[PDB]
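Consider the single chain below, provided in structure tokens and representing the form deposited in one PDB entry.
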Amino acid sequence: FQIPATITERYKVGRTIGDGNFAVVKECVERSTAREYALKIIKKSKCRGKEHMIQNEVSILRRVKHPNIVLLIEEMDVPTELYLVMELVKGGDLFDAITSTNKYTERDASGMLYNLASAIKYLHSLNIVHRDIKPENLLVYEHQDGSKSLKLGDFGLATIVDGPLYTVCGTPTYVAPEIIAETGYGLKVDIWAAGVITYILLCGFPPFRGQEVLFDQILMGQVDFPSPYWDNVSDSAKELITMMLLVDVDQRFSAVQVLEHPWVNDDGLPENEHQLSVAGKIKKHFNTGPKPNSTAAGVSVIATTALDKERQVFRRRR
């Protein structure tokens, strides 16, 4: 790679941190600020014929400015490659945000859902559906006071909604019913995914576990709060998740209605005295990504592109 002068003059590019089928990720420290970013290099020879899938992702990243999102800092376009300076979030993913968190309570989970719901609200205001909201795409941004804020990344499936979508995209665990049914879906699939995540935040395992049995569970949308894991969980929290996981799209909460819900709106409702023994269930059901502040932390989100995306949901044909 012959990095353009414009980049190397203001950024000191270092080692290759990550790699992909269509993208390479390198170290990238801004010289003036000494702030650490990620230099995403896309070989244009690989994206030919499918320019739109890359270009549509970038044009979205170009527009979205929100603290709870992995932002595109700068882009340098040359005939042979596309350069993208991306935010390098090193605090680990959502599962690490639970594990690393001692004295983990309902206030912590509610705080994370606020960051998530806020980001979704911002996207939906621009008529952008993410379609890939999952713990692996929620990186942790650690502040100087020790507090944490989530940042939604991987816009490889993101798209503008002009009407009902029908492409069966997404991870089976977090996919909404209307996607599975192929009856037409829109923005509120992000709410469903966020609802699945919220359920995991409070007990450490998905609401729908069941492959075909899983799809049937999602389609029916019957949320169970089994004992004793949900006994000491607030009813307001269980009420919220119920409204986020409604099969009826119109009844299902919007991003606003989630943020306006007491358990999210009022920062006094969430329990902060009694902890949530969730760490045990996370390891049992989910994988563990790169260690926080490791070399490969938050790199996977940047290493991937829209061309790396594939269908995963396959019902037994009716």
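Start at 1 and count along the sequence shown; that's the residue number. Rigid core (definition): largest C-alpha set, two forms, superposition within 1.5 Å.
In at least one third of the other compared structures of this protein with flanking residues present, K50 is left unmodelled. According to the record, the deposited sequence contains 4 to 9 residues between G210 and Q211 that were left without coordinates. The deposited model assigns a higher average Cα B-factor to 76-84 than to the other stretch when 76-84 and 110-118 are compared.
Across the two stretches, 36-44 and 246-254, the PDB entry reports the greater mean Cα temperature factor for 36-44.
When the C-alpha B factors of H52, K283, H66, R62 are read from the deposited coordinates, the top value falls at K283. Sort the chain's modelled residues by C-alpha temperature factor and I98 lands in the highest third, per the entry. Among the modelled residues of its chain, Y104 has a C-alpha B-factor that falls in the highest third, as given in the PDB entry. Ranked against the other modelled residues of its chain, the C-alpha B-factor of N232 as given in the entry falls in the highest third. In this PDB entry, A279 carries a Cα temperature factor that places it within the highest third of its chain's modelled residues. In the deposited entry, the Cα temperature factor of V58 places it in the lowest third of its chain's modelled residues.
The discussion below concerns the form solved in complex with a small molecule, not included here.
Here the chain stands alone, but in the deposited bound form its contact with the small molecule, taken as any heavy atom within 4.5 Å, falls in 132-140 among 176-184, 118-126, 75-83, 132-140.
The small molecule in the deposited bound form is approached by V89, whose closest heavy atom lies within 4.5 angstroms of it.
Proximity of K40 to the small molecule in the deposited bound form: non-hydrogen atoms within 4.5 Å are present.
The closest non-hydrogen atom of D154 lies within 4.5 Å of the small molecule in the deposited bound form.
Contact check for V258: every heavy atom lies farther than 4.5 Å from the small molecule in the deposited bound form. Put simply, after the core is superposed between this form and the one not shown, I42 is the one residue in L61, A255, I69, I42 with a Cα shift of at least 2 angstroms. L165 shows a C-alpha shift below 2 Å between this form and the one not shown [criterion: core-superposed Cα displacement of 2 Å]. Once the rigid core is used as the reference frame, the Cα position of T80 differs between this form and the one not shown by 2 Å or more.
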